[PDB]
Each structure stands twice: as structure tokens, then as C-alpha cells.
>>> print(open('protein_16.txt').read())   # compact mmCIF, N, CA and C atoms
# COMPACT_ATOMS: atom_id res chain seq x y z
N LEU A 426 79.68 72.60 93.42
CA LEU A 426 78.20 72.48 93.60
C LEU A 426 77.83 71.12 94.23
N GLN A 427 78.56 70.05 93.94
CA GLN A 427 78.14 68.73 94.48
C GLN A 427 78.74 68.56 95.88
N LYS A 428 80.06 68.69 96.02
CA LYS A 428 80.70 68.44 97.31
C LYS A 428 80.16 69.35 98.40
N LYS A 429 80.00 70.65 98.10
CA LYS A 429 79.59 71.59 99.14
C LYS A 429 78.12 71.42 99.50
N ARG A 430 77.26 71.15 98.52
CA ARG A 430 75.85 71.07 98.85
C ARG A 430 75.45 69.71 99.37
N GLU A 431 76.17 68.65 99.00
CA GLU A 431 75.94 67.42 99.74
C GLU A 431 76.69 67.40 101.06
N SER A 432 77.62 68.33 101.30
CA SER A 432 78.06 68.57 102.67
C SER A 432 77.01 69.31 103.48
N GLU A 433 76.20 70.17 102.85
CA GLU A 433 75.06 70.73 103.57
C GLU A 433 73.97 69.70 103.84
N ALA A 434 73.70 68.82 102.86
CA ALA A 434 72.74 67.74 103.09
C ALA A 434 73.28 66.75 104.12
N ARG A 435 74.59 66.55 104.12
CA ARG A 435 75.32 65.88 105.19
C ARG A 435 75.10 66.54 106.54
N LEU A 436 75.06 67.87 106.57
CA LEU A 436 74.82 68.63 107.79
C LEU A 436 73.36 68.98 107.98
N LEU A 437 72.46 68.07 107.59
CA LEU A 437 71.02 68.24 107.80
C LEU A 437 70.67 68.43 109.27
N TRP A 438 71.36 67.72 110.16
CA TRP A 438 70.96 67.69 111.56
C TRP A 438 71.49 68.86 112.36
N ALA A 439 72.11 69.84 111.71
CA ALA A 439 72.11 71.21 112.20
C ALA A 439 70.80 71.81 111.70
N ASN A 440 69.73 71.52 112.44
CA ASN A 440 68.37 71.58 111.92
C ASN A 440 67.88 73.01 111.84
N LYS A 441 67.87 73.55 110.62
CA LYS A 441 67.16 74.77 110.26
C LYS A 441 66.87 74.69 108.77
N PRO A 442 65.79 75.30 108.29
CA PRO A 442 65.50 75.27 106.85
C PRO A 442 66.30 76.26 106.01
N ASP A 443 67.32 76.91 106.58
CA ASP A 443 68.11 77.87 105.82
C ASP A 443 69.02 77.16 104.83
N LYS A 444 69.80 76.19 105.30
CA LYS A 444 70.69 75.48 104.40
C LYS A 444 69.94 74.52 103.48
N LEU A 445 68.69 74.19 103.79
CA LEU A 445 67.89 73.36 102.89
C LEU A 445 67.53 74.12 101.62
N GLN A 446 66.94 75.31 101.78
CA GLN A 446 66.63 76.13 100.61
C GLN A 446 67.89 76.67 99.95
N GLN A 447 68.96 76.87 100.73
CA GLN A 447 70.25 77.24 100.15
C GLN A 447 70.80 76.12 99.28
N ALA A 448 70.69 74.87 99.76
CA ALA A 448 71.08 73.72 98.97
C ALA A 448 70.25 73.61 97.71
N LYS A 449 68.94 73.85 97.82
CA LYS A 449 68.04 73.72 96.68
C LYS A 449 68.35 74.73 95.58
N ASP A 450 68.35 76.03 95.92
CA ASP A 450 68.57 77.01 94.86
C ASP A 450 70.02 77.04 94.38
N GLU A 451 70.98 76.63 95.22
CA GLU A 451 72.36 76.57 94.78
C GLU A 451 72.56 75.42 93.80
N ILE A 452 72.02 74.23 94.10
CA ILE A 452 72.17 73.14 93.13
C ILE A 452 71.40 73.44 91.87
N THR A 453 70.25 74.13 91.97
CA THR A 453 69.45 74.46 90.80
C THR A 453 70.19 75.41 89.86
N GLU A 454 70.61 76.57 90.38
CA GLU A 454 71.25 77.57 89.53
C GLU A 454 72.63 77.11 89.06
N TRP A 455 73.38 76.43 89.92
CA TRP A 455 74.75 76.13 89.52
C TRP A 455 74.82 74.87 88.66
N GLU A 456 73.88 73.92 88.80
CA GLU A 456 73.82 72.87 87.80
C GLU A 456 73.19 73.38 86.51
N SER A 457 72.40 74.46 86.57
CA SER A 457 71.97 75.09 85.33
C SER A 457 73.15 75.71 84.61
N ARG A 458 74.10 76.26 85.37
CA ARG A 458 75.34 76.75 84.77
C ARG A 458 76.19 75.61 84.21
N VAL A 459 76.20 74.46 84.89
CA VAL A 459 76.89 73.27 84.36
C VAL A 459 76.24 72.81 83.05
N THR A 460 74.91 72.86 82.97
CA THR A 460 74.24 72.51 81.72
C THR A 460 74.47 73.56 80.63
N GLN A 461 74.64 74.83 81.03
CA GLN A 461 75.08 75.86 80.09
C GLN A 461 76.44 75.51 79.50
N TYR A 462 77.37 75.02 80.34
CA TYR A 462 78.67 74.60 79.81
C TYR A 462 78.57 73.37 78.92
N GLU A 463 77.73 72.39 79.28
CA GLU A 463 77.68 71.19 78.46
C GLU A 463 76.92 71.41 77.15
N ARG A 464 76.06 72.43 77.07
CA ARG A 464 75.51 72.86 75.79
C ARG A 464 76.46 73.76 75.02
N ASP A 465 77.22 74.60 75.72
CA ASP A 465 78.24 75.41 75.07
C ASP A 465 79.39 74.58 74.54
N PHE A 466 79.56 73.34 75.01
CA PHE A 466 80.47 72.42 74.34
C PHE A 466 80.04 72.14 72.91
N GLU A 467 78.75 71.86 72.69
CA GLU A 467 78.30 71.68 71.32
C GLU A 467 78.28 73.00 70.56
N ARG A 468 78.06 74.12 71.26
CA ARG A 468 78.13 75.43 70.61
C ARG A 468 79.54 75.72 70.10
N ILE A 469 80.54 75.56 70.98
CA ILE A 469 81.93 75.79 70.62
C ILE A 469 82.40 74.79 69.58
N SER A 470 82.00 73.52 69.71
CA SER A 470 82.40 72.52 68.72
C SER A 470 81.72 72.77 67.37
N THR A 471 80.51 73.34 67.37
CA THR A 471 79.86 73.69 66.12
C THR A 471 80.55 74.89 65.46
N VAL A 472 80.97 75.87 66.27
CA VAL A 472 81.77 76.98 65.76
C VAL A 472 83.11 76.47 65.22
N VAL A 473 83.66 75.43 65.86
CA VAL A 473 84.87 74.77 65.37
C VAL A 473 84.61 74.07 64.04
N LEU B 426 71.70 53.87 116.66
CA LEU B 426 71.10 53.43 115.36
C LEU B 426 70.88 54.63 114.42
N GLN B 427 70.54 55.81 114.95
CA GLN B 427 70.25 56.95 114.03
C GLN B 427 71.56 57.64 113.66
N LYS B 428 72.33 58.08 114.66
CA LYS B 428 73.54 58.85 114.37
C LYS B 428 74.52 58.07 113.50
N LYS B 429 74.75 56.78 113.81
CA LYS B 429 75.75 56.02 113.09
C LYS B 429 75.28 55.67 111.68
N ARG B 430 74.00 55.35 111.51
CA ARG B 430 73.57 54.93 110.19
C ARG B 430 73.24 56.10 109.29
N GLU B 431 72.85 57.25 109.85
CA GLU B 431 72.83 58.41 108.99
C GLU B 431 74.20 59.03 108.82
N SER B 432 75.20 58.62 109.61
CA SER B 432 76.58 58.90 109.22
C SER B 432 77.04 58.00 108.08
N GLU B 433 76.51 56.77 107.98
CA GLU B 433 76.78 55.98 106.78
C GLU B 433 76.06 56.53 105.55
N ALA B 434 74.81 56.98 105.71
CA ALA B 434 74.10 57.62 104.60
C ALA B 434 74.75 58.94 104.22
N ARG B 435 75.28 59.64 105.23
CA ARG B 435 76.19 60.77 105.04
C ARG B 435 77.42 60.40 104.23
N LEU B 436 77.96 59.20 104.46
CA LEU B 436 79.13 58.72 103.72
C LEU B 436 78.73 57.86 102.53
N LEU B 437 77.63 58.22 101.86
CA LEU B 437 77.20 57.55 100.63
C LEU B 437 78.27 57.58 99.55
N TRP B 438 79.00 58.68 99.43
CA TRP B 438 79.90 58.87 98.30
C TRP B 438 81.26 58.22 98.50
N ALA B 439 81.44 57.45 99.58
CA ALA B 439 82.38 56.33 99.58
C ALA B 439 81.62 55.17 98.95
N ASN B 440 81.59 55.17 97.62
CA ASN B 440 80.57 54.46 96.85
C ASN B 440 80.86 52.97 96.81
N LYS B 441 80.12 52.21 97.61
CA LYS B 441 80.00 50.76 97.51
C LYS B 441 78.66 50.39 98.12
N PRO B 442 78.03 49.30 97.67
CA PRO B 442 76.76 48.88 98.27
C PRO B 442 76.87 48.14 99.59
N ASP B 443 78.06 48.09 100.20
CA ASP B 443 78.22 47.38 101.46
C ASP B 443 77.57 48.15 102.61
N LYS B 444 77.91 49.43 102.75
CA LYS B 444 77.33 50.22 103.83
C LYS B 444 75.87 50.56 103.57
N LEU B 445 75.39 50.43 102.33
CA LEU B 445 73.98 50.65 102.05
C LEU B 445 73.12 49.54 102.64
N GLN B 446 73.45 48.28 102.34
CA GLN B 446 72.73 47.16 102.93
C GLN B 446 73.02 47.03 104.42
N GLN B 447 74.21 47.46 104.86
CA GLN B 447 74.50 47.51 106.29
C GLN B 447 73.62 48.53 107.00
N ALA B 448 73.43 49.70 106.38
CA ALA B 448 72.53 50.71 106.90
C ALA B 448 71.10 50.19 106.95
N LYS B 449 70.68 49.48 105.89
CA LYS B 449 69.31 48.98 105.81
C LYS B 449 69.01 47.96 106.90
N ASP B 450 69.80 46.88 106.98
CA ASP B 450 69.47 45.85 107.96
C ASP B 450 69.78 46.30 109.39
N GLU B 451 70.72 47.23 109.58
CA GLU B 451 70.99 47.74 110.91
C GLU B 451 69.84 48.61 111.40
N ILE B 452 69.34 49.53 110.55
CA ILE B 452 68.21 50.34 111.00
C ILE B 452 66.97 49.48 111.18
N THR B 453 66.81 48.43 110.36
CA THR B 453 65.65 47.56 110.47
C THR B 453 65.64 46.79 111.79
N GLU B 454 66.72 46.04 112.06
CA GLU B 454 66.76 45.21 113.27
C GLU B 454 66.84 46.06 114.53
N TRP B 455 67.59 47.17 114.49
CA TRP B 455 67.79 47.88 115.74
C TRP B 455 66.64 48.84 116.03
N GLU B 456 65.92 49.34 115.01
CA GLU B 456 64.67 50.03 115.32
C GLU B 456 63.58 49.04 115.67
N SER B 457 63.70 47.77 115.23
CA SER B 457 62.78 46.76 115.74
C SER B 457 63.02 46.51 117.21
N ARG B 458 64.28 46.57 117.64
CA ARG B 458 64.58 46.49 119.07
C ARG B 458 64.07 47.72 119.83
N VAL B 459 64.14 48.90 119.21
CA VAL B 459 63.56 50.11 119.81
C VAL B 459 62.04 49.97 119.96
N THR B 460 61.38 49.37 118.96
CA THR B 460 59.95 49.14 119.08
C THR B 460 59.63 48.05 120.10
N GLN B 461 60.54 47.08 120.27
CA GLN B 461 60.43 46.13 121.38
C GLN B 461 60.46 46.85 122.72
N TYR B 462 61.34 47.84 122.87
CA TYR B 462 61.36 48.61 124.11
C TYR B 462 60.11 49.46 124.29
N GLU B 463 59.61 50.08 123.23
CA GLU B 463 58.45 50.94 123.40
C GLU B 463 57.16 50.15 123.60
N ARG B 464 57.11 48.88 123.18
CA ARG B 464 56.03 47.99 123.57
C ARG B 464 56.23 47.40 124.95
N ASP B 465 57.48 47.11 125.33
CA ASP B 465 57.76 46.64 126.67
C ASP B 465 57.55 47.73 127.72
N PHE B 466 57.49 49.00 127.32
CA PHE B 466 57.01 50.03 128.24
C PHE B 466 55.57 49.79 128.66
N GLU B 467 54.69 49.47 127.71
CA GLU B 467 53.32 49.14 128.11
C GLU B 467 53.26 47.79 128.80
N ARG B 468 54.17 46.86 128.45
CA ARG B 468 54.22 45.58 129.16
C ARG B 468 54.60 45.76 130.62
N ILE B 469 55.68 46.50 130.88
CA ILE B 469 56.15 46.77 132.23
C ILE B 469 55.14 47.62 133.00
N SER B 470 54.53 48.62 132.34
CA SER B 470 53.53 49.43 133.02
C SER B 470 52.26 48.64 133.31
N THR B 471 51.93 47.65 132.47
CA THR B 471 50.79 46.80 132.76
C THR B 471 51.08 45.86 133.92
N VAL B 472 52.31 45.33 133.99
CA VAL B 472 52.74 44.55 135.15
C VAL B 472 52.72 45.42 136.41
N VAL B 473 53.06 46.70 136.27
CA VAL B 473 52.97 47.66 137.37
C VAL B 473 51.52 47.88 137.79
>>> encode(input="protein_16.txt", output="C-alpha cells")
Amino acid sequence: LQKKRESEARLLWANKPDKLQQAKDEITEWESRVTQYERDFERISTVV
Amino acid sequence: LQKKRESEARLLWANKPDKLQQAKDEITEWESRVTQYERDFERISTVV
């Protein structure tokens, strides 16, 4: 999520708004999945 | 001034503050030189 989407932000000057909104919703949903994992760490550790 | 310094901003994640301040003072002084040229356009055209 970080390397690929900051490679899209790196490739800003291939100028179209397609990779901009792709960068936005990809970092949003996939960092939401990362936050799901970092909360499931406390979930799994609480089950432990 | 644009391609090279947004290639440094592109290379942000070679993380050190050297190219950050290099990007800052390079875009400052060299876009000041660009503004010198765009004012010297009216200077040269006024001499014309």
C-alpha cells in the first residue's frame, strides 16, 4: 500500500486524475485493513 | 528546476533532510531566476 501508491504519487506527472483517485481509495481501504490487523493484534492477544 | 527538484521530492523516502533543504533553496533561487527572466521579458520588450 505505501510503496505502490507513493510510486503513483511519484508518477503524478503522468497527468490524469485516474491514478489520483486510485491512490486515494487504495490507501484508504488498504490502510483500513492495516488498522484492522493492528486492532486484531489486541483481539488475538486478548483471546490469548 | 521543476523536473530535478520534484525528482528529489519523488525521492523523499531516501530519508534525510539534505535533499529537502536542497530542494527548498534550489526551487527558491532558481524560480527567482525564472521570475527575473519573466520580468526581463517586459524589460527587453520595453527597450524594444
>>> closest_atom_pairs(input="protein_16.txt", of="chain A", to="chain B", cutoff="8 Å", atoms="only N, CA and C atoms", output="CSV")
residue,atom,partner,partner_atom,distance
A:431,C,B:435,C,7.7
A:434,C,B:435,CA,6.7
A:435,CA,B:435,CA,5.2
A:436,N,B:435,CA,7.4
>>> atom_distance(input="protein_16.txt", atom1="atom CA of residue A:445", atom2="atom CA of residue A:429")
12.4 Å
>>> calpha_fit_and_write(input="protein_16.txt", fixed="chain A", moving="chain B", output="PDB file with N, CA and C atoms, in the coordinates of the input")
ATOM      1  N   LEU B 426      79.675  72.593  93.415  1.00  0.00           N
ATOM      2  CA  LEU B 426      78.192  72.470  93.593  1.00  0.00           C
ATOM      3  C   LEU B 426      77.824  71.118  94.232  1.00  0.00           C
ATOM      4  N   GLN B 427      78.554  70.040  93.927  1.00  0.00           N
ATOM      5  CA  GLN B 427      78.145  68.717  94.486  1.00  0.00           C
ATOM      6  C   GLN B 427      78.736  68.561  95.884  1.00  0.00           C
ATOM      7  N   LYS B 428      80.060  68.691  96.013  1.00  0.00           N
ATOM      8  CA  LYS B 428      80.700  68.440  97.305  1.00  0.00           C
ATOM      9  C   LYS B 428      80.157  69.353  98.400  1.00  0.00           C
ATOM     10  N   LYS B 429      79.997  70.658  98.110  1.00  0.00           N
ATOM     11  CA  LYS B 429      79.590  71.592  99.139  1.00  0.00           C
ATOM     12  C   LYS B 429      78.117  71.419  99.502  1.00  0.00           C
ATOM     13  N   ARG B 430      77.260  71.147  98.522  1.00  0.00           N
ATOM     14  CA  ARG B 430      75.849  71.071  98.849  1.00  0.00           C
ATOM     15  C   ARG B 430      75.449  69.710  99.373  1.00  0.00           C
ATOM     16  N   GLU B 431      76.168  68.644  99.004  1.00  0.00           N
ATOM     17  CA  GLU B 431      75.939  67.426  99.745  1.00  0.00           C
ATOM     18  C   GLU B 431      76.689  67.398 101.060  1.00  0.00           C
ATOM     19  N   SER B 432      77.616  68.334 101.298  1.00  0.00           N
ATOM     20  CA  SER B 432      78.061  68.567 102.670  1.00  0.00           C
ATOM     21  C   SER B 432      77.015  69.319 103.485  1.00  0.00           C
ATOM     22  N   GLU B 433      76.200  70.176 102.848  1.00  0.00           N
ATOM     23  CA  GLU B 433      75.063  70.740 103.572  1.00  0.00           C
ATOM     24  C   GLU B 433      73.974  69.702 103.839  1.00  0.00           C
ATOM     25  N   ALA B 434      73.698  68.825 102.866  1.00  0.00           N
ATOM     26  CA  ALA B 434      72.744  67.737 103.092  1.00  0.00           C
ATOM     27  C   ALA B 434      73.271  66.749 104.120  1.00  0.00           C
ATOM     28  N   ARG B 435      74.595  66.552 104.113  1.00  0.00           N
ATOM     29  CA  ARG B 435      75.317  65.879 105.193  1.00  0.00           C
ATOM     30  C   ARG B 435      75.101  66.542 106.542  1.00  0.00           C
ATOM     31  N   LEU B 436      75.057  67.877 106.563  1.00  0.00           N
ATOM     32  CA  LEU B 436      74.825  68.627 107.800  1.00  0.00           C
ATOM     33  C   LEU B 436      73.356  68.982 107.976  1.00  0.00           C
ATOM     34  N   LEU B 437      72.458  68.075 107.579  1.00  0.00           N
ATOM     35  CA  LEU B 437      71.019  68.240 107.798  1.00  0.00           C
ATOM     36  C   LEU B 437      70.674  68.426 109.268  1.00  0.00           C
ATOM     37  N   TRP B 438      71.356  67.720 110.159  1.00  0.00           N
ATOM     38  CA  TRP B 438      70.957  67.684 111.560  1.00  0.00           C
ATOM     39  C   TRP B 438      71.489  68.858 112.366  1.00  0.00           C
ATOM     40  N   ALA B 439      72.121  69.840 111.712  1.00  0.00           N
ATOM     41  CA  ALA B 439      72.113  71.219 112.197  1.00  0.00           C
ATOM     42  C   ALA B 439      70.800  71.811 111.700  1.00  0.00           C
ATOM     43  N   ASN B 440      69.734  71.523 112.443  1.00  0.00           N
ATOM     44  CA  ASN B 440      68.368  71.579 111.924  1.00  0.00           C
ATOM     45  C   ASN B 440      67.879  73.013 111.838  1.00  0.00           C
ATOM     46  N   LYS B 441      67.865  73.553 110.624  1.00  0.00           N
ATOM     47  CA  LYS B 441      67.154  74.773 110.260  1.00  0.00           C
ATOM     48  C   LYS B 441      66.866  74.682 108.772  1.00  0.00           C
ATOM     49  N   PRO B 442      65.783  75.301 108.290  1.00  0.00           N
ATOM     50  CA  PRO B 442      65.500  75.281 106.852  1.00  0.00           C
ATOM     51  C   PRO B 442      66.301  76.258 106.011  1.00  0.00           C
ATOM     52  N   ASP B 443      67.317  76.914 106.583  1.00  0.00           N
ATOM     53  CA  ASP B 443      68.106  77.872 105.823  1.00  0.00           C
ATOM     54  C   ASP B 443      69.019  77.160 104.824  1.00  0.00           C
ATOM     55  N   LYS B 444      69.797  76.190 105.300  1.00  0.00           N
ATOM     56  CA  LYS B 444      70.695  75.475 104.401  1.00  0.00           C
ATOM     57  C   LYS B 444      69.946  74.523 103.480  1.00  0.00           C
ATOM     58  N   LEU B 445      68.690  74.186 103.788  1.00  0.00           N
ATOM     59  CA  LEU B 445      67.900  73.357 102.891  1.00  0.00           C
ATOM     60  C   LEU B 445      67.525  74.116 101.625  1.00  0.00           C
ATOM     61  N   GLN B 446      66.941  75.309 101.772  1.00  0.00           N
ATOM     62  CA  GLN B 446      66.627  76.134 100.613  1.00  0.00           C
ATOM     63  C   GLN B 446      67.888  76.676  99.954  1.00  0.00           C
ATOM     64  N   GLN B 447      68.961  76.870 100.733  1.00  0.00           N
ATOM     65  CA  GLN B 447      70.247  77.241 100.148  1.00  0.00           C
ATOM     66  C   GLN B 447      70.805  76.122  99.279  1.00  0.00           C
ATOM     67  N   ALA B 448      70.691  74.876  99.751  1.00  0.00           N
ATOM     68  CA  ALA B 448      71.085  73.718  98.973  1.00  0.00           C
ATOM     69  C   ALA B 448      70.253  73.608  97.703  1.00  0.00           C
ATOM     70  N   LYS B 449      68.937  73.848  97.822  1.00  0.00           N
ATOM     71  CA  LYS B 449      68.037  73.718  96.679  1.00  0.00           C
ATOM     72  C   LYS B 449      68.354  74.728  95.585  1.00  0.00           C
ATOM     73  N   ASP B 450      68.356  76.028  95.916  1.00  0.00           N
ATOM     74  CA  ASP B 450      68.568  77.012  94.859  1.00  0.00           C
ATOM     75  C   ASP B 450      70.022  77.035  94.381  1.00  0.00           C
ATOM     76  N   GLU B 451      70.979  76.630  95.221  1.00  0.00           N
ATOM     77  CA  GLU B 451      72.359  76.563  94.782  1.00  0.00           C
ATOM     78  C   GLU B 451      72.558  75.422  93.793  1.00  0.00           C
ATOM     79  N   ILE B 452      72.019  74.223  94.098  1.00  0.00           N
ATOM     80  CA  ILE B 452      72.171  73.136  93.134  1.00  0.00           C
ATOM     81  C   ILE B 452      71.395  73.432  91.861  1.00  0.00           C
ATOM     82  N   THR B 453      70.254  74.131  91.971  1.00  0.00           N
ATOM     83  CA  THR B 453      69.456  74.454  90.799  1.00  0.00           C
ATOM     84  C   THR B 453      70.189  75.408  89.857  1.00  0.00           C
ATOM     85  N   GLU B 454      70.606  76.572  90.381  1.00  0.00           N
ATOM     86  CA  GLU B 454      71.252  77.577  89.528  1.00  0.00           C
ATOM     87  C   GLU B 454      72.624  77.115  89.057  1.00  0.00           C
ATOM     88  N   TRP B 455      73.382  76.425  89.921  1.00  0.00           N
ATOM     89  CA  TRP B 455      74.746  76.134  89.518  1.00  0.00           C
ATOM     90  C   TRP B 455      74.822  74.872  88.665  1.00  0.00           C
ATOM     91  N   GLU B 456      73.880  73.922  88.799  1.00  0.00           N
ATOM     92  CA  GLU B 456      73.818  72.863  87.795  1.00  0.00           C
ATOM     93  C   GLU B 456      73.194  73.372  86.513  1.00  0.00           C
ATOM     94  N   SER B 457      72.397  74.459  86.574  1.00  0.00           N
ATOM     95  CA  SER B 457      71.970  75.088  85.329  1.00  0.00           C
ATOM     96  C   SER B 457      73.145  75.713  84.614  1.00  0.00           C
ATOM     97  N   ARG B 458      74.095  76.262  85.370  1.00  0.00           N
ATOM     98  CA  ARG B 458      75.334  76.752  84.765  1.00  0.00           C
ATOM     99  C   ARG B 458      76.187  75.608  84.204  1.00  0.00           C
ATOM    100  N   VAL B 459      76.198  74.458  84.883  1.00  0.00           N
ATOM    101  CA  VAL B 459      76.884  73.270  84.355  1.00  0.00           C
ATOM    102  C   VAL B 459      76.240  72.806  83.043  1.00  0.00           C
ATOM    103  N   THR B 460      74.904  72.863  82.965  1.00  0.00           N
ATOM    104  CA  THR B 460      74.242  72.510  81.720  1.00  0.00           C
ATOM    105  C   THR B 460      74.466  73.560  80.635  1.00  0.00           C
ATOM    106  N   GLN B 461      74.638  74.829  81.033  1.00  0.00           N
ATOM    107  CA  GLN B 461      75.087  75.859  80.092  1.00  0.00           C
ATOM    108  C   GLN B 461      76.447  75.508  79.507  1.00  0.00           C
ATOM    109  N   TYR B 462      77.369  75.018  80.336  1.00  0.00           N
ATOM    110  CA  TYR B 462      78.665  74.598  79.812  1.00  0.00           C
ATOM    111  C   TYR B 462      78.564  73.370  78.918  1.00  0.00           C
ATOM    112  N   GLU B 463      77.740  72.395  79.276  1.00  0.00           N
ATOM    113  CA  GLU B 463      77.676  71.193  78.461  1.00  0.00           C
ATOM    114  C   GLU B 463      76.920  71.411  77.154  1.00  0.00           C
ATOM    115  N   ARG B 464      76.060  72.433  77.069  1.00  0.00           N
ATOM    116  CA  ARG B 464      75.512  72.865  75.795  1.00  0.00           C
ATOM    117  C   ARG B 464      76.462  73.757  75.024  1.00  0.00           C
ATOM    118  N   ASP B 465      77.229  74.603  75.722  1.00  0.00           N
ATOM    119  CA  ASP B 465      78.232  75.413  75.064  1.00  0.00           C
ATOM    120  C   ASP B 465      79.398  74.576  74.541  1.00  0.00           C
ATOM    121  N   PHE B 466      79.559  73.339  75.011  1.00  0.00           N
ATOM    122  CA  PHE B 466      80.473  72.418  74.337  1.00  0.00           C
ATOM    123  C   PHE B 466      80.039  72.131  72.909  1.00  0.00           C
ATOM    124  N   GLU B 467      78.751  71.860  72.693  1.00  0.00           N
ATOM    125  CA  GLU B 467      78.299  71.678  71.311  1.00  0.00           C
ATOM    126  C   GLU B 467      78.280  72.997  70.562  1.00  0.00           C
ATOM    127  N   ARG B 468      78.057  74.123  71.268  1.00  0.00           N
ATOM    128  CA  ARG B 468      78.133  75.428  70.609  1.00  0.00           C
ATOM    129  C   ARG B 468      79.536  75.726  70.108  1.00  0.00           C
ATOM    130  N   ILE B 469      80.538  75.562  70.974  1.00  0.00           N
ATOM    131  CA  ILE B 469      81.932  75.793  70.627  1.00  0.00           C
ATOM    132  C   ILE B 469      82.409  74.785  69.582  1.00  0.00           C
ATOM    133  N   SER B 470      82.001  73.511  69.709  1.00  0.00           N
ATOM    134  CA  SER B 470      82.396  72.523  68.715  1.00  0.00           C
ATOM    135  C   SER B 470      81.720  72.768  67.371  1.00  0.00           C
ATOM    136  N   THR B 471      80.508  73.340  67.372  1.00  0.00           N
ATOM    137  CA  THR B 471      79.870  73.691  66.117  1.00  0.00           C
ATOM    138  C   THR B 471      80.548  74.886  65.464  1.00  0.00           C
ATOM    139  N   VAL B 472      80.965  75.873  66.271  1.00  0.00           N
ATOM    140  CA  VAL B 472      81.772  76.982  65.764  1.00  0.00           C
ATOM    141  C   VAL B 472      83.105  76.462  65.220  1.00  0.00           C
ATOM    142  N   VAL B 473      83.662  75.433  65.857  1.00  0.00           N
ATOM    143  CA  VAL B 473      84.872  74.771  65.370  1.00  0.00           C
ATOM    144  C   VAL B 473      84.617  74.071  64.038  1.00  0.00           C
TER     145      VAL B 473
END
>>> residues_around(input="protein_16.txt", residues="residue A:455", least_positions_apart="6", cutoff="8 Å", atoms="all atoms listed in the file", output="list in words")
residues 426, 449 and 461 of chain A
>>> select_by_dssp(input="protein_16.txt", residues="chain B", states="alpha helix (DSSP H)", output="PyMOL selection string")
chain B and resi 427-435+443-472
>>> atom_distance(input="protein_16.txt", atom1="atom C of residue B:473", atom2="atom N of residue B:459")
22.5 Å
>>> atom_distance(input="protein_16.txt", atom1="atom N of residue B:456", atom2="atom N of residue B:430")
10.7 Å
>>> closest_residue(input="protein_16.txt", among="A:427, A:433, A:464, A:471", to="residue A:452", atoms="all atoms listed in the file")
A:427
